[PDB]
>>> print(open('upload-v7.txt').read())   # compact mmCIF, N, CA and C atoms
# COMPACT_ATOMS: atom_id res chain seq x y z
N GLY D 1 -100.84 -124.97 -62.10
CA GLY D 1 -101.08 -125.64 -60.81
C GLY D 1 -101.47 -127.08 -61.07
N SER D 2 -102.20 -127.69 -60.14
CA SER D 2 -102.69 -129.06 -60.20
C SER D 2 -104.06 -129.09 -59.51
N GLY D 3 -104.67 -130.27 -59.37
CA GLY D 3 -105.97 -130.46 -58.75
C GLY D 3 -106.46 -131.81 -59.21
N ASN D 4 -107.41 -131.83 -60.13
CA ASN D 4 -108.03 -133.00 -60.77
C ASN D 4 -108.73 -133.98 -59.81
N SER D 5 -108.80 -133.69 -58.51
CA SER D 5 -109.42 -134.53 -57.50
C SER D 5 -110.94 -134.35 -57.39
N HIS D 6 -111.54 -133.53 -58.26
CA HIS D 6 -112.96 -133.23 -58.29
C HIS D 6 -113.36 -133.09 -59.76
N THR D 7 -114.21 -133.99 -60.24
CA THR D 7 -114.72 -134.03 -61.60
C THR D 7 -116.17 -134.49 -61.49
N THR D 8 -117.13 -133.60 -61.75
CA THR D 8 -118.55 -133.91 -61.68
C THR D 8 -119.23 -133.21 -62.88
N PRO D 9 -120.39 -133.68 -63.37
CA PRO D 9 -121.06 -133.09 -64.52
C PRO D 9 -121.47 -131.65 -64.26
N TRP D 10 -122.17 -131.42 -63.16
CA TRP D 10 -122.67 -130.12 -62.76
C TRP D 10 -121.56 -129.11 -62.50
N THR D 11 -120.38 -129.57 -62.10
CA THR D 11 -119.26 -128.70 -61.79
C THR D 11 -118.55 -128.15 -63.02
N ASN D 12 -118.38 -128.96 -64.08
CA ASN D 12 -117.69 -128.51 -65.29
C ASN D 12 -118.69 -128.28 -66.41
N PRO D 13 -118.71 -127.10 -67.06
CA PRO D 13 -119.66 -126.80 -68.13
C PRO D 13 -119.54 -127.73 -69.34
N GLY D 14 -118.34 -128.24 -69.65
CA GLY D 14 -118.17 -129.15 -70.78
C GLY D 14 -118.79 -130.50 -70.44
N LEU D 15 -118.52 -131.00 -69.23
CA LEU D 15 -119.06 -132.28 -68.77
C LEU D 15 -120.59 -132.15 -68.64
N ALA D 16 -121.09 -130.98 -68.24
CA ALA D 16 -122.52 -130.70 -68.11
C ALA D 16 -123.14 -130.79 -69.50
N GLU D 17 -122.51 -130.17 -70.50
CA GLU D 17 -122.97 -130.19 -71.88
C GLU D 17 -122.99 -131.64 -72.37
N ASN D 18 -121.96 -132.44 -72.06
CA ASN D 18 -121.88 -133.85 -72.46
C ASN D 18 -123.08 -134.61 -71.89
N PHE D 19 -123.37 -134.38 -70.60
CA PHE D 19 -124.48 -135.01 -69.91
C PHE D 19 -125.78 -134.67 -70.62
N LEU D 20 -126.04 -133.38 -70.78
CA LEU D 20 -127.24 -132.91 -71.42
C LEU D 20 -127.34 -133.46 -72.84
N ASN D 21 -126.28 -133.41 -73.64
CA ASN D 21 -126.29 -133.92 -75.01
C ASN D 21 -126.61 -135.41 -75.04
N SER D 22 -125.89 -136.23 -74.27
CA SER D 22 -126.10 -137.67 -74.24
C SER D 22 -127.52 -138.00 -73.78
N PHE D 23 -127.99 -137.36 -72.71
CA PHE D 23 -129.32 -137.55 -72.15
C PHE D 23 -130.40 -137.21 -73.16
N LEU D 24 -130.36 -136.00 -73.73
CA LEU D 24 -131.34 -135.53 -74.71
C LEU D 24 -131.39 -136.48 -75.90
N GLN D 25 -130.23 -136.80 -76.48
CA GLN D 25 -130.11 -137.70 -77.63
C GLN D 25 -130.78 -139.05 -77.35
N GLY D 26 -130.50 -139.67 -76.20
CA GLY D 26 -131.08 -140.96 -75.85
C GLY D 26 -132.57 -140.88 -75.51
N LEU D 27 -132.98 -139.82 -74.82
CA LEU D 27 -134.36 -139.59 -74.40
C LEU D 27 -135.30 -139.36 -75.58
N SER D 28 -134.83 -138.79 -76.69
CA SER D 28 -135.71 -138.55 -77.83
C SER D 28 -136.33 -139.85 -78.35
N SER D 29 -135.54 -140.92 -78.39
CA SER D 29 -135.98 -142.23 -78.86
C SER D 29 -136.82 -142.98 -77.82
N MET D 30 -137.02 -142.42 -76.63
CA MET D 30 -137.78 -143.05 -75.56
C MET D 30 -139.25 -142.65 -75.61
N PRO D 31 -140.13 -143.46 -75.00
CA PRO D 31 -141.56 -143.19 -74.97
C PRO D 31 -141.95 -142.12 -73.92
N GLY D 32 -140.96 -141.37 -73.45
CA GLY D 32 -141.10 -140.31 -72.47
C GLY D 32 -141.54 -139.05 -73.21
N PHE D 33 -140.58 -138.23 -73.66
CA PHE D 33 -140.87 -136.99 -74.39
C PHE D 33 -140.95 -137.31 -75.89
N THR D 34 -140.94 -136.29 -76.74
CA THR D 34 -140.99 -136.38 -78.19
C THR D 34 -139.82 -135.57 -78.75
N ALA D 35 -139.44 -135.77 -80.01
CA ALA D 35 -138.34 -135.00 -80.61
C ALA D 35 -138.64 -133.50 -80.53
N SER D 36 -139.92 -133.15 -80.62
CA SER D 36 -140.45 -131.80 -80.55
C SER D 36 -140.11 -131.21 -79.18
N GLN D 37 -140.51 -131.88 -78.10
CA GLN D 37 -140.22 -131.41 -76.75
C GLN D 37 -138.70 -131.40 -76.54
N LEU D 38 -137.97 -132.37 -77.10
CA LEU D 38 -136.52 -132.45 -76.98
C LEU D 38 -135.84 -131.20 -77.53
N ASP D 39 -136.45 -130.53 -78.52
CA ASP D 39 -135.90 -129.31 -79.11
C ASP D 39 -135.99 -128.18 -78.10
N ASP D 40 -137.16 -128.03 -77.46
CA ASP D 40 -137.38 -127.00 -76.43
C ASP D 40 -136.41 -127.28 -75.28
N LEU D 41 -136.30 -128.57 -74.91
CA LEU D 41 -135.44 -129.06 -73.86
C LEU D 41 -133.98 -128.70 -74.10
N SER D 42 -133.50 -128.57 -75.34
CA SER D 42 -132.11 -128.20 -75.61
C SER D 42 -131.84 -126.80 -75.04
N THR D 43 -132.81 -125.89 -75.18
CA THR D 43 -132.70 -124.53 -74.68
C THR D 43 -132.69 -124.60 -73.15
N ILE D 44 -133.62 -125.36 -72.56
CA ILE D 44 -133.75 -125.55 -71.12
C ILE D 44 -132.46 -126.18 -70.56
N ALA D 45 -131.73 -126.95 -71.38
CA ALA D 45 -130.48 -127.61 -71.03
C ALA D 45 -129.34 -126.59 -71.00
N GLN D 46 -129.17 -125.83 -72.08
CA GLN D 46 -128.12 -124.83 -72.19
C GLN D 46 -128.24 -123.77 -71.09
N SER D 47 -129.46 -123.45 -70.65
CA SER D 47 -129.71 -122.49 -69.58
C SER D 47 -129.02 -122.95 -68.28
N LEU D 48 -128.70 -124.25 -68.14
CA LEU D 48 -128.02 -124.79 -66.98
C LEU D 48 -126.53 -124.51 -67.13
N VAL D 49 -125.98 -124.83 -68.31
CA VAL D 49 -124.57 -124.65 -68.67
C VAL D 49 -124.15 -123.19 -68.45
N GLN D 50 -124.97 -122.22 -68.87
CA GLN D 50 -124.67 -120.79 -68.69
C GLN D 50 -124.43 -120.49 -67.21
N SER D 51 -125.33 -120.97 -66.34
CA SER D 51 -125.24 -120.77 -64.90
C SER D 51 -124.04 -121.54 -64.31
N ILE D 52 -123.68 -122.71 -64.86
CA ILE D 52 -122.54 -123.49 -64.38
C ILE D 52 -121.27 -122.67 -64.68
N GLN D 53 -121.15 -122.10 -65.89
CA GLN D 53 -120.01 -121.28 -66.27
C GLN D 53 -119.85 -120.09 -65.31
N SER D 54 -120.96 -119.45 -64.92
CA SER D 54 -120.93 -118.30 -64.02
C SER D 54 -120.14 -118.62 -62.75
N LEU D 55 -120.38 -119.79 -62.15
CA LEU D 55 -119.71 -120.23 -60.94
C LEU D 55 -118.28 -120.70 -61.25
N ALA D 56 -118.10 -121.52 -62.29
CA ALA D 56 -116.79 -122.03 -62.70
C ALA D 56 -115.81 -120.88 -62.99
N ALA D 57 -116.30 -119.75 -63.51
CA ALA D 57 -115.50 -118.56 -63.82
C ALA D 57 -114.84 -117.97 -62.57
N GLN D 58 -115.32 -118.30 -61.38
CA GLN D 58 -114.77 -117.84 -60.11
C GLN D 58 -114.06 -118.99 -59.40
N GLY D 59 -114.23 -120.23 -59.86
CA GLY D 59 -113.62 -121.39 -59.25
C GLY D 59 -114.29 -121.69 -57.91
N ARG D 60 -115.57 -121.33 -57.76
CA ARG D 60 -116.38 -121.52 -56.56
C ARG D 60 -117.64 -122.25 -56.98
N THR D 61 -118.11 -123.18 -56.17
CA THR D 61 -119.33 -123.92 -56.44
C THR D 61 -119.89 -124.36 -55.09
N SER D 62 -120.78 -123.58 -54.47
CA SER D 62 -121.38 -123.95 -53.20
C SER D 62 -122.18 -125.24 -53.43
N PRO D 63 -122.26 -126.16 -52.45
CA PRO D 63 -123.01 -127.40 -52.61
C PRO D 63 -124.47 -127.04 -52.88
N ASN D 64 -125.07 -126.20 -52.04
CA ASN D 64 -126.46 -125.78 -52.18
C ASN D 64 -126.72 -125.10 -53.53
N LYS D 65 -125.73 -124.43 -54.14
CA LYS D 65 -125.89 -123.75 -55.43
C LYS D 65 -125.98 -124.81 -56.53
N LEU D 66 -125.02 -125.73 -56.54
CA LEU D 66 -124.95 -126.80 -57.52
C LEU D 66 -126.16 -127.74 -57.36
N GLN D 67 -126.62 -127.92 -56.12
CA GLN D 67 -127.77 -128.74 -55.76
C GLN D 67 -129.04 -128.03 -56.22
N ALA D 68 -129.16 -126.71 -56.03
CA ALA D 68 -130.33 -125.96 -56.47
C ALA D 68 -130.51 -126.09 -57.99
N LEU D 69 -129.40 -126.25 -58.73
CA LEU D 69 -129.37 -126.42 -60.17
C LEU D 69 -129.99 -127.80 -60.46
N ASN D 70 -129.62 -128.82 -59.68
CA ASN D 70 -130.13 -130.18 -59.82
C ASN D 70 -131.62 -130.22 -59.50
N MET D 71 -132.07 -129.57 -58.43
CA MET D 71 -133.48 -129.54 -58.06
C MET D 71 -134.25 -128.87 -59.21
N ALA D 72 -133.75 -127.73 -59.71
CA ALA D 72 -134.36 -127.01 -60.82
C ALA D 72 -134.39 -127.85 -62.10
N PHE D 73 -133.45 -128.77 -62.32
CA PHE D 73 -133.42 -129.62 -63.50
C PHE D 73 -134.67 -130.51 -63.49
N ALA D 74 -134.96 -131.14 -62.34
CA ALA D 74 -136.12 -132.00 -62.15
C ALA D 74 -137.40 -131.14 -62.26
N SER D 75 -137.37 -129.94 -61.69
CA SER D 75 -138.45 -128.96 -61.69
C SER D 75 -138.84 -128.65 -63.15
N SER D 76 -137.85 -128.43 -64.01
CA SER D 76 -138.06 -128.14 -65.42
C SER D 76 -138.69 -129.34 -66.13
N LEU D 77 -138.26 -130.56 -65.78
CA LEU D 77 -138.81 -131.77 -66.37
C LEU D 77 -140.29 -131.87 -66.04
N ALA D 78 -140.71 -131.60 -64.80
CA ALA D 78 -142.11 -131.67 -64.37
C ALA D 78 -143.00 -130.77 -65.23
N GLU D 79 -142.54 -129.58 -65.63
CA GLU D 79 -143.33 -128.67 -66.45
C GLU D 79 -143.62 -129.30 -67.83
N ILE D 80 -142.57 -129.71 -68.55
CA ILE D 80 -142.77 -130.31 -69.88
C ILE D 80 -143.42 -131.70 -69.72
N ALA D 81 -143.28 -132.33 -68.55
CA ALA D 81 -143.87 -133.62 -68.29
C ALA D 81 -145.38 -133.44 -68.07
N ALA D 82 -145.83 -132.30 -67.52
CA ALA D 82 -147.24 -132.02 -67.29
C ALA D 82 -147.87 -131.59 -68.62
N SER D 83 -147.08 -130.98 -69.51
CA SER D 83 -147.51 -130.52 -70.83
C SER D 83 -148.07 -131.71 -71.62
N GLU D 84 -148.97 -131.42 -72.56
CA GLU D 84 -149.59 -132.41 -73.42
C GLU D 84 -148.57 -132.85 -74.49
N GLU D 85 -148.94 -133.80 -75.33
CA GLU D 85 -148.16 -134.34 -76.44
C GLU D 85 -146.84 -135.02 -76.06
N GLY D 86 -146.50 -135.14 -74.78
CA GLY D 86 -145.28 -135.77 -74.32
C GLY D 86 -145.61 -137.19 -73.90
N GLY D 87 -145.93 -138.05 -74.87
CA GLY D 87 -146.28 -139.43 -74.59
C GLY D 87 -147.71 -139.47 -74.06
N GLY D 88 -147.92 -140.04 -72.88
CA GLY D 88 -149.24 -140.16 -72.26
C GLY D 88 -149.23 -139.78 -70.79
N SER D 89 -148.98 -140.73 -69.89
CA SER D 89 -148.99 -140.46 -68.46
C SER D 89 -147.67 -139.89 -67.92
N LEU D 90 -147.76 -139.27 -66.73
CA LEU D 90 -146.61 -138.70 -66.04
C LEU D 90 -145.74 -139.84 -65.53
N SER D 91 -146.35 -140.94 -65.07
CA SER D 91 -145.70 -142.12 -64.53
C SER D 91 -144.75 -142.72 -65.55
N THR D 92 -145.24 -143.01 -66.76
CA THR D 92 -144.41 -143.57 -67.80
C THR D 92 -143.32 -142.56 -68.19
N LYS D 93 -143.64 -141.26 -68.25
CA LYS D 93 -142.65 -140.23 -68.60
C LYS D 93 -141.50 -140.24 -67.58
N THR D 94 -141.77 -140.16 -66.27
CA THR D 94 -140.75 -140.19 -65.22
C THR D 94 -139.99 -141.53 -65.29
N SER D 95 -140.66 -142.62 -65.68
CA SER D 95 -140.05 -143.93 -65.81
C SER D 95 -139.05 -143.93 -66.97
N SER D 96 -139.37 -143.29 -68.11
CA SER D 96 -138.49 -143.24 -69.27
C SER D 96 -137.25 -142.39 -68.97
N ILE D 97 -137.41 -141.30 -68.22
CA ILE D 97 -136.31 -140.42 -67.85
C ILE D 97 -135.26 -141.24 -67.10
N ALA D 98 -135.67 -142.08 -66.15
CA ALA D 98 -134.71 -142.89 -65.40
C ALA D 98 -133.89 -143.79 -66.33
N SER D 99 -134.53 -144.33 -67.36
CA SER D 99 -133.87 -145.20 -68.32
C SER D 99 -132.93 -144.39 -69.22
N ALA D 100 -133.29 -143.15 -69.59
CA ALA D 100 -132.43 -142.33 -70.43
C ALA D 100 -131.23 -141.84 -69.60
N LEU D 101 -131.46 -141.52 -68.31
CA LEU D 101 -130.46 -141.04 -67.38
C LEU D 101 -129.32 -142.04 -67.25
N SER D 102 -129.61 -143.32 -67.05
CA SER D 102 -128.58 -144.35 -66.93
C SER D 102 -127.70 -144.38 -68.18
N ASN D 103 -128.30 -144.35 -69.37
CA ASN D 103 -127.56 -144.37 -70.62
C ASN D 103 -126.64 -143.14 -70.69
N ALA D 104 -127.13 -141.98 -70.25
CA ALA D 104 -126.37 -140.74 -70.21
C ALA D 104 -125.23 -140.87 -69.18
N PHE D 105 -125.48 -141.48 -68.02
CA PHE D 105 -124.48 -141.68 -66.97
C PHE D 105 -123.31 -142.49 -67.51
N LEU D 106 -123.59 -143.49 -68.36
CA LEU D 106 -122.56 -144.31 -68.97
C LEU D 106 -121.69 -143.47 -69.91
N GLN D 107 -122.23 -142.40 -70.51
CA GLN D 107 -121.51 -141.53 -71.43
C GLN D 107 -120.72 -140.44 -70.72
N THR D 108 -121.23 -139.90 -69.62
CA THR D 108 -120.58 -138.83 -68.89
C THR D 108 -119.40 -139.29 -68.06
N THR D 109 -119.66 -140.21 -67.13
CA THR D 109 -118.70 -140.74 -66.19
C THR D 109 -118.50 -142.25 -66.27
N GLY D 110 -119.37 -142.99 -66.96
CA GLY D 110 -119.22 -144.43 -67.07
C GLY D 110 -119.69 -145.18 -65.82
N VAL D 111 -120.53 -144.59 -64.97
CA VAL D 111 -121.01 -145.23 -63.75
C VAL D 111 -122.47 -144.86 -63.51
N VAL D 112 -123.33 -145.87 -63.43
CA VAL D 112 -124.77 -145.76 -63.22
C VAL D 112 -125.08 -146.23 -61.79
N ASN D 113 -125.92 -145.49 -61.06
CA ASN D 113 -126.34 -145.80 -59.69
C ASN D 113 -127.86 -145.76 -59.67
N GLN D 114 -128.50 -146.91 -59.45
CA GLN D 114 -129.95 -147.07 -59.42
C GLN D 114 -130.72 -146.09 -58.51
N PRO D 115 -130.48 -146.01 -57.18
CA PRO D 115 -131.22 -145.11 -56.31
C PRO D 115 -130.96 -143.64 -56.60
N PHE D 116 -129.76 -143.29 -57.07
CA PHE D 116 -129.43 -141.91 -57.40
C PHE D 116 -130.33 -141.45 -58.55
N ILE D 117 -130.66 -142.36 -59.47
CA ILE D 117 -131.54 -142.04 -60.57
C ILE D 117 -132.98 -141.99 -60.03
N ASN D 118 -133.37 -142.89 -59.11
CA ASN D 118 -134.72 -142.91 -58.55
C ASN D 118 -135.06 -141.61 -57.82
N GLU D 119 -134.20 -141.13 -56.93
CA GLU D 119 -134.46 -139.90 -56.19
C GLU D 119 -134.70 -138.73 -57.15
N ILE D 120 -133.98 -138.70 -58.28
CA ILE D 120 -134.10 -137.68 -59.30
C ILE D 120 -135.46 -137.81 -59.99
N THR D 121 -135.91 -139.03 -60.30
CA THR D 121 -137.21 -139.18 -60.95
C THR D 121 -138.37 -138.90 -60.00
N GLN D 122 -138.18 -139.14 -58.69
CA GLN D 122 -139.23 -138.87 -57.71
C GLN D 122 -139.51 -137.37 -57.67
N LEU D 123 -138.50 -136.51 -57.85
CA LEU D 123 -138.70 -135.06 -57.84
C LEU D 123 -139.70 -134.65 -58.92
N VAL D 124 -139.56 -135.17 -60.14
CA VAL D 124 -140.45 -134.84 -61.25
C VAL D 124 -141.89 -135.28 -60.94
N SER D 125 -142.06 -136.55 -60.55
CA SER D 125 -143.38 -137.09 -60.25
C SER D 125 -144.02 -136.41 -59.04
N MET D 126 -143.22 -135.96 -58.07
CA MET D 126 -143.69 -135.27 -56.88
C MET D 126 -144.12 -133.85 -57.27
N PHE D 127 -143.33 -133.15 -58.09
CA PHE D 127 -143.63 -131.79 -58.52
C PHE D 127 -144.92 -131.76 -59.34
N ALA D 128 -145.05 -132.69 -60.29
CA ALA D 128 -146.21 -132.77 -61.16
C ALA D 128 -147.49 -133.14 -60.39
N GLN D 129 -147.48 -134.26 -59.65
CA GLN D 129 -148.66 -134.70 -58.92
C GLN D 129 -148.99 -133.81 -57.72
N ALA D 130 -147.99 -133.45 -56.91
CA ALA D 130 -148.08 -132.62 -55.70
C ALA D 130 -149.27 -133.02 -54.81
N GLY D 131 -149.47 -134.33 -54.68
CA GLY D 131 -150.52 -134.95 -53.91
C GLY D 131 -150.89 -136.26 -54.60
N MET D 132 -152.19 -136.52 -54.71
CA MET D 132 -152.79 -137.71 -55.32
C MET D 132 -153.83 -137.22 -56.33
N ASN D 133 -153.40 -136.85 -57.54
CA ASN D 133 -154.29 -136.35 -58.59
C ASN D 133 -155.20 -137.42 -59.21
N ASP D 134 -154.92 -138.71 -59.04
CA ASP D 134 -155.74 -139.80 -59.61
C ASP D 134 -156.33 -140.65 -58.49
N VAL D 135 -157.35 -141.45 -58.81
CA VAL D 135 -158.05 -142.34 -57.88
C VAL D 135 -157.96 -143.79 -58.36
N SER D 136 -158.50 -144.71 -57.56
CA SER D 136 -158.55 -146.14 -57.79
C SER D 136 -159.88 -146.68 -57.23
N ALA D 137 -160.27 -147.87 -57.67
CA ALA D 137 -161.47 -148.59 -57.29
C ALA D 137 -161.13 -150.05 -57.48
>>> encode(input="upload-v7.txt", output="structure tokens")
Amino acid sequence: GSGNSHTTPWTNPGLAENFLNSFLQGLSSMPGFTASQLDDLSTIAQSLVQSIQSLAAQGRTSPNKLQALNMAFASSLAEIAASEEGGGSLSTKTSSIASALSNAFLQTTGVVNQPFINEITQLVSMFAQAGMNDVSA
């Protein structure tokens, strides 16, 4: 047959793996996570690919299903981001992820979008803080 009019990272397990590989590789050298956390993160990454294959095997991908995978990706980052030994603050960690994401975007599809990366980083910082955990004077 034919098609080719739909190509997205989350939709194709190979493109998803490319995204995760490029992102993880670039993020390790960032002041966000550590090579140690990046190892655990490889497992957390592959767990996405397995679920992507499940849907791809039927040639069906509901928007809300593929989106729930994206929400869960940020959700997973908040857990290891709240964990100790991952740099220092949550703010700098979520900030480094945005910088690693753009580099990964250049490798997956070759197109980086500033606000698309921001909304993704807000999920992590929102999940972790879930209010105002710090004060000011």
>>> atom_distance(input="upload-v7.txt", atom1="atom CA of residue 75 of chain D", atom2="atom CA of residue 13 of chain D")
20.0 Å
>>> closest_residue(input="upload-v7.txt", among="D:89, D:121, D:70, D:96", to="residue 11 of chain D", atoms="only C-alpha atoms")
D:70
>>> residues_around(input="upload-v7.txt", residues="residue 14 of chain D", least_positions_apart="3", cutoff="12 Å", atoms="only C-alpha atoms", output="VMD selection string")
chain D and resid 7 to 11 17 to 21 46 48 to 50 52 to 53 56 108
>>> atom_distance(input="upload-v7.txt", atom1="atom CA of residue 99 of chain D", atom2="atom CA of residue 67 of chain D")
21.6 Å
>>> residues_around(input="upload-v7.txt", residues="residue 42 of chain D", least_positions_apart="3", cutoff="10 Å", atoms="only C-alpha atoms", output="ChimeraX atom specification")
/D:20-21,24-25,37-39,45-47
>>> closest_residue(input="upload-v7.txt", among="D:101, D:51, D:81, D:94", to="residue 122 of chain D", atoms="all atoms listed in the file")
D:94
>>> residues_around(input="upload-v7.txt", residues="segment 117-120 of chain D", least_positions_apart="2", cutoff="7 Å", atoms="all atoms listed in the file", output="PyMOL selection string")
chain D and resi 74+98+101-102+113-115+122-125
>>> axis_aligned_box(input="upload-v7.txt", around="segment 52-69 of chain D", padding_each_side="6 Å", output="JSON")
{"center_x": -122.1, "center_y": -123.3, "center_z": -59.2, "size_x": 28.9, "size_y": 22.9, "size_z": 26.2}
>>> atom_distance(input="upload-v7.txt", atom1="atom CA of residue 57 of chain D", atom2="atom CA of residue 12 of chain D")
10.3 Å
>>> residues_around(input="upload-v7.txt", residues="residue 26 of chain D", least_positions_apart="4", cutoff="7 Å", atoms="all atoms listed in the file", output="NGL selection string")
:D and (21-22 or 30 or 100 or 104)
>>> write_last_selection(input="upload-v7.txt", atoms="N, CA and C atoms", output="PDB file, in the frame of the given file")
ATOM      1  N   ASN D  21    -126.280-133.410 -73.640  1.00  0.00           N
ATOM      2  CA  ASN D  21    -126.290-133.920 -75.010  1.00  0.00           C
ATOM      3  C   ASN D  21    -126.610-135.410 -75.040  1.00  0.00           C
ATOM      4  N   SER D  22    -125.890-136.230 -74.270  1.00  0.00           N
ATOM      5  CA  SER D  22    -126.100-137.670 -74.240  1.00  0.00           C
ATOM      6  C   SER D  22    -127.520-138.000 -73.780  1.00  0.00           C
ATOM      7  N   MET D  30    -137.020-142.420 -76.630  1.00  0.00           N
ATOM      8  CA  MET D  30    -137.780-143.050 -75.560  1.00  0.00           C
ATOM      9  C   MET D  30    -139.250-142.650 -75.610  1.00  0.00           C
ATOM     10  N   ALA D 100    -133.290-143.150 -69.590  1.00  0.00           N
ATOM     11  CA  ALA D 100    -132.430-142.330 -70.430  1.00  0.00           C
ATOM     12  C   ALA D 100    -131.230-141.840 -69.600  1.00  0.00           C
ATOM     13  N   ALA D 104    -127.130-141.980 -70.250  1.00  0.00           N
ATOM     14  CA  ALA D 104    -126.370-140.740 -70.210  1.00  0.00           C
ATOM     15  C   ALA D 104    -125.230-140.870 -69.180  1.00  0.00           C
TER      16      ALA D 104
END
>>> residues_around(input="upload-v7.txt", residues="residue 31 of chain D", least_positions_apart="5", cutoff="6.5 Å", atoms="all atoms listed in the file", output="CSV table (one decimal) with N, CA and C atoms, keeping the file's coordinate frame")
chain,number,residue,atom,x,y,z
D,86,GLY,N,-146.5,-135.1,-74.8
D,86,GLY,CA,-145.3,-135.8,-74.3
D,86,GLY,C,-145.6,-137.2,-73.9
D,87,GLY,N,-145.9,-138.0,-74.9
D,87,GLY,CA,-146.3,-139.4,-74.6
D,87,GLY,C,-147.7,-139.5,-74.1
D,88,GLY,N,-147.9,-140.0,-72.9
D,88,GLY,CA,-149.2,-140.2,-72.3
D,88,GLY,C,-149.2,-139.8,-70.8
D,92,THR,N,-145.2,-143.0,-66.8
D,92,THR,CA,-144.4,-143.6,-67.8
D,92,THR,C,-143.3,-142.6,-68.2
D,93,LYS,N,-143.6,-141.3,-68.2
D,93,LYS,CA,-142.6,-140.2,-68.6
D,93,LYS,C,-141.5,-140.2,-67.6
D,96,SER,N,-139.4,-143.3,-68.1
D,96,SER,CA,-138.5,-143.2,-69.3
D,96,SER,C,-137.2,-142.4,-69.0
>>> closest_residue(input="upload-v7.txt", among="D:78, D:16, D:129, D:137", to="residue 109 of chain D", atoms="only C-alpha atoms")
D:16
>>> closest_residue(input="upload-v7.txt", among="D:116, D:134, D:97, D:107", to="residue 32 of chain D", atoms="only C-alpha atoms")
D:97
>>> select_by_dssp(input="upload-v7.txt", residues="segment 43-126 of chain D", states="alpha helix (DSSP H)", output="PyMOL selection string")
chain D and resi 43-56+63-82+90-108+114-126
>>> decode(input="upload-v7.txt", residues="segment 12-23 of chain D", atoms="N, CA, C and O atoms", output="tab-separated table (two decimals), in the first residue's frame")
chain	number	residue	atom	x	y	z
D	12	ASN	N	5.78	5.95	15.88
D	12	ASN	CA	6.62	4.86	15.39
D	12	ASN	C	7.61	4.44	16.46
D	12	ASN	O	8.37	5.27	16.93
D	13	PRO	N	7.68	3.14	16.82
D	13	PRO	CA	8.60	2.67	17.86
D	13	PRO	C	10.08	2.91	17.54
D	13	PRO	O	10.86	3.12	18.47
D	14	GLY	N	10.48	2.90	16.27
D	14	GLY	CA	11.87	3.15	15.90
D	14	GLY	C	12.19	4.62	16.12
D	14	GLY	O	13.21	4.97	16.72
D	15	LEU	N	11.30	5.51	15.67
D	15	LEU	CA	11.47	6.95	15.83
D	15	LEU	C	11.43	7.30	17.33
D	15	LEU	O	12.18	8.16	17.78
D	16	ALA	N	10.60	6.59	18.12
D	16	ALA	CA	10.49	6.78	19.56
D	16	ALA	C	11.83	6.42	20.19
D	16	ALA	O	12.34	7.16	21.03
D	17	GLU	N	12.41	5.28	19.79
D	17	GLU	CA	13.70	4.83	20.28
D	17	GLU	C	14.76	5.87	19.93
D	17	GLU	O	15.58	6.19	20.78
D	18	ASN	N	14.74	6.42	18.71
D	18	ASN	CA	15.70	7.44	18.27
D	18	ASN	C	15.60	8.66	19.19
D	18	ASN	O	16.63	9.19	19.62
D	19	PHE	N	14.38	9.09	19.49
D	19	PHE	CA	14.11	10.23	20.36
D	19	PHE	C	14.71	9.97	21.72
D	19	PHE	O	15.50	10.77	22.22
D	20	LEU	N	14.33	8.85	22.33
D	20	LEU	CA	14.80	8.48	23.64
D	20	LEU	C	16.32	8.37	23.65
D	20	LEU	O	16.94	8.93	24.54
D	21	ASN	N	16.93	7.70	22.67
D	21	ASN	CA	18.38	7.54	22.60
D	21	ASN	C	19.08	8.90	22.51
D	21	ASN	O	19.95	9.18	23.33
D	22	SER	N	18.68	9.75	21.56
D	22	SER	CA	19.28	11.07	21.37
D	22	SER	C	19.12	11.92	22.63
D	22	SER	O	20.09	12.53	23.10
D	23	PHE	N	17.92	11.96	23.21
D	23	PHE	CA	17.61	12.71	24.41
D	23	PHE	C	18.46	12.26	25.59
D	23	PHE	O	19.12	13.09	26.21
